[PDB]
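Novice: Below is one structure. I have some questions about it.
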Amino acid sequence: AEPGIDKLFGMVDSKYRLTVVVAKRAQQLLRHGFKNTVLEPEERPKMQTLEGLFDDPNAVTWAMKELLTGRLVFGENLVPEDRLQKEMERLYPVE
Amino acid sequence: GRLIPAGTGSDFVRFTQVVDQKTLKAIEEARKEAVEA
Amino acid sequence: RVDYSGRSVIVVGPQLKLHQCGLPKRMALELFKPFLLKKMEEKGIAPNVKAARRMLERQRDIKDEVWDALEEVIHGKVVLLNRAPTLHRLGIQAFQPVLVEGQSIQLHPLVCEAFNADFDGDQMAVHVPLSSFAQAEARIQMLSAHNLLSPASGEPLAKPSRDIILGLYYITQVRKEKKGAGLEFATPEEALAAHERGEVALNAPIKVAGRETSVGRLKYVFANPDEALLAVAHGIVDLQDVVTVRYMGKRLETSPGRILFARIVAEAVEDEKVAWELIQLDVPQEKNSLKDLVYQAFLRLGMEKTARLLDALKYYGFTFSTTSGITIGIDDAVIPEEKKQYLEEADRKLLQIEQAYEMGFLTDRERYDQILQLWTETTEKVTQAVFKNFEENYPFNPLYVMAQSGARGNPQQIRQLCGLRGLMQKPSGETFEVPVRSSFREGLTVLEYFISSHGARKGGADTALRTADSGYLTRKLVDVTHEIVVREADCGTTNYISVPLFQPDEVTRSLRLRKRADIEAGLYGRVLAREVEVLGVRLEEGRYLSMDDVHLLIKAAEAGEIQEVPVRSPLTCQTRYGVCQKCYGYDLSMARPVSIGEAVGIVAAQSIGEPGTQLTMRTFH
Amino acid sequence: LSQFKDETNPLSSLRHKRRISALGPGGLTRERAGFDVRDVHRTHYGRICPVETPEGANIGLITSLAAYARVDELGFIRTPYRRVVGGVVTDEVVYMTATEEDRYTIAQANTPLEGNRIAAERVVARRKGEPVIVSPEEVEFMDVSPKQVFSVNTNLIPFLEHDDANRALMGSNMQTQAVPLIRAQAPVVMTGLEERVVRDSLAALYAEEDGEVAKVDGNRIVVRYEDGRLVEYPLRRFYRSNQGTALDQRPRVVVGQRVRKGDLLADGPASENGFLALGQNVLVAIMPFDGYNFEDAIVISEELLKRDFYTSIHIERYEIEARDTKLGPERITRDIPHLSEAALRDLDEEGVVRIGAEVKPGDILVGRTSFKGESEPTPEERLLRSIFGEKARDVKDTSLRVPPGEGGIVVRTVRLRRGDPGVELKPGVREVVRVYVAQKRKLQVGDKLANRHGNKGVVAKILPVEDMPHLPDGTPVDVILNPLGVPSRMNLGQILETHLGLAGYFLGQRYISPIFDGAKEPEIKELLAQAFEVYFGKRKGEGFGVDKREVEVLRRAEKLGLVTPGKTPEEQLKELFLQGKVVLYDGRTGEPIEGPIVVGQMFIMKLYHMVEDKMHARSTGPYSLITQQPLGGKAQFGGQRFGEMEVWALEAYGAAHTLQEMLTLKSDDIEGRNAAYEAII
Amino acid sequence: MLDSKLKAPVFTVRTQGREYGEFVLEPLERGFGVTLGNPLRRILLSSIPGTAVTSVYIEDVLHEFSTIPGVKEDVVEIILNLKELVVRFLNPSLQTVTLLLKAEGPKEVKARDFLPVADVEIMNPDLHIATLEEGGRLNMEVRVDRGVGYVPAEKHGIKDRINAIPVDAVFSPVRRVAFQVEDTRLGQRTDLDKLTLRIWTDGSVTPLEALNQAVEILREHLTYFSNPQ
Amino acid sequence: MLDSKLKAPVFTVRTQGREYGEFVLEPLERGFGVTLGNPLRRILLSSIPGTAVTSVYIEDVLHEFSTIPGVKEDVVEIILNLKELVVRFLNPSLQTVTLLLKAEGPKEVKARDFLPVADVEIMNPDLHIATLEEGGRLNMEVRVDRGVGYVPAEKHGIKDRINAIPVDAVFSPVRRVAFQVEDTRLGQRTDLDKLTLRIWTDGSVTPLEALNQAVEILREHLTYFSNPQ
Ligand SMILES: [Mg+2]
Ligand SMILES: [Zn+2]
């Protein structure tokens, strides 16, 4: 199947929450730029024509791999709706 | 052709958000700036 | 009609994993055309978008670099597949495409059950999730390997089908051969020696009804696990033979095959001791033993870990199936001699009924109704006859193992080849007076055929008319039930239903335990309305009762401590449009509590519409 | 009532030539009622097959008639029956109406007979629709033949007798879908009507009276009768069948040859030698492979493709009209206005494509030209044209190209200008241009083959002759059929054919097992006995005995109960063989397959590929004018329907967006699908 | 040598032509004949190379589905007959040889009617190409090549003459392999494997030659286990 | 080299001890991984020589089913434990070596309690032979030999001492072989064989060493096809 799916399911209160989180996370992973991730370091996304998944294959496979770590935070009302898109634009550049 | 009332279309999860600790600090730096003069 | 779709003939993809499915590259191409176009541009293959388009307008103009591109685009994306009548949610599952050459679409064997699909030409359609969200849901909650347990019953649907069982079975069943002289090893030391040499001779088999150890156990003892199979490889012991082996702790008298099965699972999931806990190597492994294996593996080890074992079983089953050399042969359908006697016995028994009528004793009718019960009994007699034959003389008959294995075979079917199929009904419904004495093995004659034909069409026409009504039943059930959805917080209205464990009138009035299955149907994954102290354990209030708990309550009622059970149910929910977590229960496709937001309404409506196609339909009212 | 002839193959057309439908005038039987009509009635005997009806909604209402069943002057299916006078049977056959048949006590042909005598005291007969055990003194009439009970189409089945009437239907209908193979073979085992099917049908070309052969062209056999006269008999070389199957008459008689009155001069589309032939007899092992034959999959040996065994020629006519528009006639020329001459190569004759040209998807089959926009097309694009290079020829490229899916080689073309022959062109129609194209369809994994019994299935894998199951003597099996498909369904007849076949292979002979009187288990075990000597006899003389493997499998055979313990391996294998199964080694390991496995000459045909077969796949494409939903077109495939049942499937899951997608971006969201595409891009 | 090494596989051969060749090898320890015979068989059928008709050119015919007058056999039958034609060249210098043939009138055309070529030999002389009645024209150019395996006419595609038509490639020289492992008796220990594999060949190459190539492909493959990583 | 020869079997290894060792080798043309893996396996289990306990002698015990007092473990368990004992001699001169051991009283007997032998080494020292409480007699003579494959105690039969009991022969240092043939992708042609065979070993020899021996036994055997007759 797909990496720690159970581990993932366990993080959320609802199944359908783990779908919303990953989907929205993948959204922004493209929009603000792709390096928005929190895990470029030692071991991260990879593909083999050459190992280059490091740039833009599957957004969603990333989101999950990050969410499986404890860096992201998904709340019902975490950060004010419009003001986020503004500060994310400011900090994450190749749009 | 509207979103389904049931599923992800749940009002329970329609609205959800994700943030990196990096943007966490950024958003309240915005709040710190709220201090006038 | 959807914009990114496509359909072709499907074909079994044995090596393929649950996870994936083989999709024709040629199809992937115009399927993922726009997605390819830009990665074309992202790499030197083409300067741009319109360039890339004309670059692919023809077939001969494709550089093999393009495939490399397409394959790269499809890296972690998944498509949806859909069979002919979509009857339940699983009638559409998601998988990872593994581009392949040719026209046909490679489908995994295990999911062939979910979509009723055989490979006689059934074609499956395929769609593509375009938004990042659409794919998110598609592979998280709609991929195949994530939905292993049925929404109808908390019983596995990824159950080793026709071949896999057949295989996994043959490897684990033990054999028995000849009792000529004494079978007493249990006590004499002269018995171990004498019957060890006598076995060396031609009188005692390696497999003999000796109660503690047949000389087969006497001769061979294997220290380490591997040791056992090596001897097998060298032609010392066959897999189905009875020998003695040493595991983690005690000397276990178990055959080679059964010991190998152990490893297969033990390896599938490495938690070797957790592998031994949930398996029964004490028996040949039927579809049920496996179905159970899957289930508990699903509850104990985890979803994906389960998927693994599934393909693991799939692979060895298929393999060992090929080697076993099981094959149908005219001589394999064995006709019991007993047939001639049971026939001849009911034969004269008919003469008497005619001798009775010829006198004036029995009414026109009485004769008829008496002759029919003559056959209906005689026929059922030959049927236990044939099986007993196989049971005692040919444990490994080809025809028979498929039937006794979760694999292909029906008791009333075997009867038409080895025994005989005899009573066929007239056009109207009044069965025929004369039976069909022949079997399929021997010439079903000219007439007996015609006679049987009548009942054929009524069934064929029945399937066609119910086939559309299974659609009838569903529409009506979804029209009423669609709005119903799990939206909640434990609805506070505690009004509950009590599930009976005993039935009144089968016989006038005697109280008795309801059917195991039925009871499971009533309490599985339910939420206890009020606490119940039963056999020693204190079932907590609101606790979701696992299958294991519904197994305790039954043993308890067996003992005599409970006759009903307090459980929250949709029948009594407060939430006007909707149903809550506590009132629904467990069964999401997952065996955990129901997740808020599941479209229960439909999930229900479907589970009742599909089976519907199996129920007889003569006239509505 | 009148419909396209179905000539997938002759047998077919024959059937469609004589099938009695319910539905029609409307006065007789509309579809509303049916269950009483749909069922088989006691009278349907010898009058209508009980097997031929169509699987599906329309069942029991549409059906072909029986073997001898014939319409007396006014439409009452009656049939032939002999006259048995006392305990004496006769040849005077009475074509008896349906009604008169009830007045007499009729008997079945299966009744032991010496010539004119009836041989057993209690012997079956049937008064009126009801089976009755009558005495030789009451037998007034007897059945002509078991054959008159069913239809032609069914009578072609070997041991119909051992097959469940339900899946024998499948067998009957399957032959109706048999595709003519360049290499046609008759069945190793036939019923007996193959011969008269091709003759009553008009497949092969027979000889009027006796004589000798003058010329034997690939296109004509001018025979010369002994009457002092000679006639030229043309042969429909390669003709298109309404459905697209090849109908070629290919000679079978050499120059200067004796001709029997009524002897095959040329064979029909599918006849080998006057015999009906569809599909080819192939040696088959009946066991389980990896999963390659899991529910109903067929594993095939590459070796079958090496030989030109399952191969069939196809042909399709592409047409295009030169239309008369008020904007200017659609010229049909070699001129293709906008980009390359590389495409014009095969457009040899100016305009049409050259014969013998290899046309692949997307090549110009024909070219035509129409005008677009009114005088001033694009204000922006007119600028671009002035800029980069003013090459102004305002005509549009509307040219018949090869639709996706495929074409082959062009074999014939027809160009009917406005109308001077004796052809009337439709109004507006300036001229028509057809282009017949043909192609070879090799056997491949997508294809579907099925024996006459009913075993239907699709090729899942083409294995290298290198590793599939091979017999002791190096001859390997061509196709590996999965046992499991035999118990559920009930047609042992296929397992009986395979057996009789095994004999026919080593005995180099073919047989004819009638419908219910044919071969009988002892006679077949007998032929196998003769076979054992050709298979193992030569083995003795050639120099060698039995393998370690061969003995090993015998060990797992006696422990099984197929061989009488104590006998010798050469005697044990004979036993084993008589049972129809022989020892087989893996091929991919050399080791043997624990336990004997049956193998033999089973006849298997290949089925016709519908226009569906064409694996559709669509990205983006046309849309409908009023309802804007994806629409199948000339150079783009057309979308798949997402129906209610499929909606609920997703509804059931939490697929919220995926379902929204299916209803918006992918099908109806006009602005959606556009911004969708671009975004993806 | 005298004891363990002199007791060595006695390679014995029995070859009667280029088509059949038996090969016995007899003391082999335990389950070795199998270990040997099987791989060799697998090699013997897939890896050995040979010759096959790769292209054809009838001078007045344009497509493969054409019927030629005076000729009883249609192009599809003839091109088929050619597939069964077996040729043999003697050296690498001969990669692609074009055989030529033209027969007019009343004679039955056979494979030997092809004009001889220096280093090429036709083992299939009496094969039947066609039957010409009178005014029977037949002028064809058939290309022959040396390759391996099966190659569909659709995969290569010939380019001799624009009106020529490709044909399917039937390359393996080996027709069938068979190997038997029967016990043999050696002084004190009876358990012994005896491998005798029988090879059949179209004639292009010989059983012995085939086998030799076989064993080398195996050896070459066993060397590929040299540089770890 | 660059095209067909540089595209050569990339022999990759993953060995993490002397017991387990993976071996991958891809691209292999068609159905070759199988043609290779199968024989090698067959060799890996039968041909590679080793050492196993072939005979035992307890001084007061007469039959194998005897129970010895003071000793918690019955003869059948101990003779079983001995099958798990792995020894290694350094040279041919050592065909049959008899290891000796006697322990009295309260100590737990282990494989190291065996009196050392000049050219023999016990790799299985801490293995557990038995538990002696007090007045515990234990004087045993265990015969060790070097052979190949599996040999049932019934097939050989001990002749050391009349009261001795034979043991089943655990010889191949290799415990289990496994080879997988999964497809691999190479540019143009997809059909490709990838062979990765996993070898397990008791520790005596190594997976790599085993495999190498294996391949040579095959090669050596391929040469026995040299002198016809
Ligand atoms: Mg089907
Ligand atoms: Zn509630």
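Protein chains in written order, with PDB author numbering: chain A, 2 to 96; chain B, 1469 to 1505; chain C, 622 to 1242; chain D, 391 to 1071; chain E, 1 to 229; chain F, 1 to 229.
The C-beta atom is built at its ideal place from N, Cα and C for all residues, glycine as well.
Shortest alpha-carbon distance to residue 81 of chain E belongs to which of E:130, E:206 and E:91?
Specialist: Here residue 81 of chain E is taken as the residue at index 81 of the fifth sequence, counted from 1. Answer by Cα proximity: E:130.
Novice: Give the range of the beta strand (DSSP E) segment to which residue 705 of chain D is assigned.
Specialist: One-based indexing of the fourth sequence puts residue 705 of chain D at position 315. Taken as a continuous stretch (DSSP letters only), the beta strand (DSSP E) holding residue 705 of chain D covers 701–713.
Novice: Check whether the Cβ of residue 88 of chain A lies closer than 8 Å to any Cβ atom in chain B.
Specialist: Position 87 of the first sequence, counted from the first residue, corresponds to residue 88 of chain A. Closer than 8 Å: yes.
Novice: Spell out whether any CB of chain D is found under 8 Å from the CB atom of residue 691 of chain C.
Specialist: Residue mapping note: residue 691 of chain C aligns to position 70 of the third sequence, counting from 1. So, not an interface residue.
Novice: Quick check on DSSP: helix, strand or coil for residue 635 of chain D?
Specialist: For the purposes of this step, residue 635 of chain D is taken as residue 245 along the fourth sequence, with counting starting at 1. DSSP places residue 635 of chain D in strand when its eight states are reduced to three.
Novice: Is residue 873 of chain D helix, strand or coil by DSSP?
Specialist: Taking the first residue of the fourth sequence as position 1, residue 873 of chain D is located at position 483. The answer is helix: DSSP assigns residue 873 of chain D an H, G or I state.
Novice: Is the beta carbon of residue 1200 of chain C within less than 7 Å of some heavy atom of ligand 2?
Specialist: On the third sequence, position 579 is the one that residue 1200 of chain C refers to. True, at least one ligand heavy atom lies under 7 Å from that Cβ.
Novice: Should residue 573 of chain D and residue 701 of chain D be called a contact, given that it needs their Cβ atoms to be closer than 8 Å?
Specialist: Position 183 of the fourth sequence, counting from 1, holds the residue named residue 573 of chain D. Position 311 of the fourth sequence, counting from 1, holds the residue named residue 701 of chain D. Yes, Cβ-Cβ distance for residue 573 of chain D and residue 701 of chain D is below 8 Å.
Novice: If you check the beta carbons only, do residue 451 of chain D and residue 413 of chain D fall under 8 Å apart?
Specialist: Taking the first residue of the fourth sequence as position 1, residue 451 of chain D is located at position 61. Taking the first residue of the fourth sequence as position 1, residue 413 of chain D is located at position 23. Yes, the pair counts as a contact, with Cβ atoms nearer than the cut-off.
Novice: Assign residue 744 of chain D to one of three DSSP states: helix, strand, or coil.
Specialist: The residue you call residue 744 of chain D lines up with position 354 of the fourth sequence. Three-state DSSP puts residue 744 of chain D in coil, outside helix and strand.
Novice: Considering just the uninterrupted stretch of the beta strand (DSSP E) at residue 193 of chain E, what are its terminal residues?
Specialist: For the purposes of this step, residue 193 of chain E is identified with residue 193 of the fifth sequence, where counting begins at 1. 193–201 is the span of the beta strand (DSSP E), which, as asked, contains residue 193 of chain E.
Novice: May I have the straight-line CA-CA distance separating residue 632 of chain D from residue 147 of chain E, to the nearest angstrom?
Specialist: Walking along the fourth sequence from the start, residue 632 of chain D turns up at place 242. Walking along the fifth sequence from the start, residue 147 of chain E turns up at place 147. Distance between the alpha carbons of residue 632 of chain D and residue 147 of chain E: 41 Å.
Novice: Which one of C:789, C:858, C:832 and C:623 has the shortest CA to CA distance from residue 944 of chain C?
Specialist: As a first step, residue 944 of chain C must be located in the third sequence, where it is residue number 323. Nearest of C:789, C:858, C:832 and C:623 to residue 944 of chain C, Cα basis: C:789.
Novice: With a threshold of 7 Å, establish whether the CB of residue 938 of chain C neighbours any heavy atom of ligand 1.
Specialist: Within the third sequence, the letter at position 317 stands for residue 938 of chain C. No, ligand 1 has no heavy atom inside 7 Å of this Cβ.
Novice: Less than 8 Å between the C-beta atoms of residue 861 of chain C and residue 794 of chain C, yes or no?
Specialist: What you label residue 861 of chain C is simply residue 240 of the third sequence in a count that begins at 1. What you label residue 794 of chain C is simply residue 173 of the third sequence in a count that begins at 1. Contact: yes.
Novice: Closer than 8 Å by C-beta to residue 893 of chain C: which residues in its own chain qualify, once you throw out the five before and the five after it? Chain order, please.
Specialist: One-based indexing of the third sequence puts residue 893 of chain C at position 272. So the qualifying residues of the chain are 887.
Novice: Per DSSP, which one or two residues make a beta bridge with residue 703 of chain C?
Specialist: As a working mapping, residue 703 of chain C is identified with position 82 in the third sequence. According to DSSP, which records beta bridges pairwise, residue 703 of chain C is partnered with C:713 and C:746.
Novice: Under 8 Å between C-beta atoms, does residue 1502 of chain B make it to chain C?
Specialist: As a first step, residue 1502 of chain B must be located in the second sequence, where it is residue number 34. Not closer than 8 Å to any Cβ of chain C, the Cβ of residue 1502 of chain B fails to qualify, so no.
Novice: Determine the chain F residues that contact residue 229 of chain E at a beta-carbon separation under 9 Å, and present them in chain order.
Specialist: Walking along the fifth sequence from the start, residue 229 of chain E turns up at place 229. Per Cβ cutoff of 9 Å: 10, 11, 12 and 13.
Novice: Rounded to a whole number of angstroms, what is the C-alpha to C-alpha distance between residue 980 of chain D and residue 1040 of chain D?
Specialist: Counting from 1 along the fourth sequence, the entry for residue 980 of chain D is found at position 590. Counting from 1 along the fourth sequence, the entry for residue 1040 of chain D is found at position 650. Roughly 49 Å between the two C-alpha positions.
Novice: Between the Cα of residue 951 of chain C and the Cα atoms of C:921, C:1013 and C:1039, which residue gives the shortest distance?
Specialist: Position 330 of the third sequence, counted from the first residue, corresponds to residue 951 of chain C. It is C:1039.
Novice: Is the CB-CB distance between residue 705 of chain D and residue 640 of chain D below 8 Å?
Specialist: For the purposes of this step, residue 705 of chain D is taken as the residue at position 315 of the fourth sequence. For the purposes of this step, residue 640 of chain D is taken as the residue at position 250 of the fourth sequence. In this structure, residue 640 of chain D does not lie closer than 8 Å to residue 705 of chain D by Cβ.
Novice: So which residues on chain A does residue 1495 of chain B lean against when the C-beta distance must stay under 8 Å?
Specialist: Residue 1495 of chain B sits at position 27 when you count from the first residue of the second sequence. The answer, in chain order, is 80, 81, 84, 85 and 88.
Novice: Thinking C-beta only, is residue 866 of chain C closer than 8 Å to residue 880 of chain C?
Specialist: Locating residue 880 of chain C in the third sequence gives position 259, counting from the first residue. Locating residue 866 of chain C in the third sequence gives position 245, counting from the first residue. Yes, they are a contact pair.
Novice: Measure from the C-beta of residue 96 of chain A to each C-beta in chain C and report whether the shortest distance is under 8 Å.
Specialist: Taking the first residue of the first sequence as 1, we reach residue 96 of chain A at position 95. Chain C, which has no Cβ nearer than 8 Å to the Cβ of residue 96 of chain A, makes this no.
Novice: Measure from the C-beta of residue 857 of chain D to each C-beta in chain F and report whether the shortest distance is under 8 Å.
Specialist: What you label residue 857 of chain D is simply residue 467 of the fourth sequence in a count that begins at 1. Output row for residue 857 of chain D: interface = yes.
Novice: Note down the Cα distance separating residue 1500 of chain B from residue 1493 of chain B, rounded to an integer number of angstroms.
Specialist: On the second sequence, position 32 is the one that residue 1500 of chain B refers to. On the second sequence, position 25 is the one that residue 1493 of chain B refers to. Computed Cα separation, rounded: 10 Å.
Novice: From what residue to what residue does the alpha helix (DSSP H) around residue 1227 of chain C run?
Specialist: The residue labelled residue 1227 of chain C in the question sits at position 606 within the third sequence. Per DSSP, residue 1227 of chain C belongs to the alpha helix (DSSP H) from 1221–1230.
Novice: Within this structure, are the beta carbons of residue 100 of chain F and residue 85 of chain F separated by less than 8 Å?
Specialist: Mapped onto the sixth sequence, residue 100 of chain F falls at position 100. Mapped onto the sixth sequence, residue 85 of chain F falls at position 85. Taking 8 Å as the Cβ cut-off, residue 100 of chain F and residue 85 of chain F do not qualify as a contacting pair.
Novice: Residue 729 of chain C to residue 23 of chain A, Cα distance in whole Å?
Specialist: Taking the first residue of the third sequence as position 1, residue 729 of chain C is located at position 108. Taking the first residue of the first sequence as position 1, residue 23 of chain A is located at position 22. About 27 Å.
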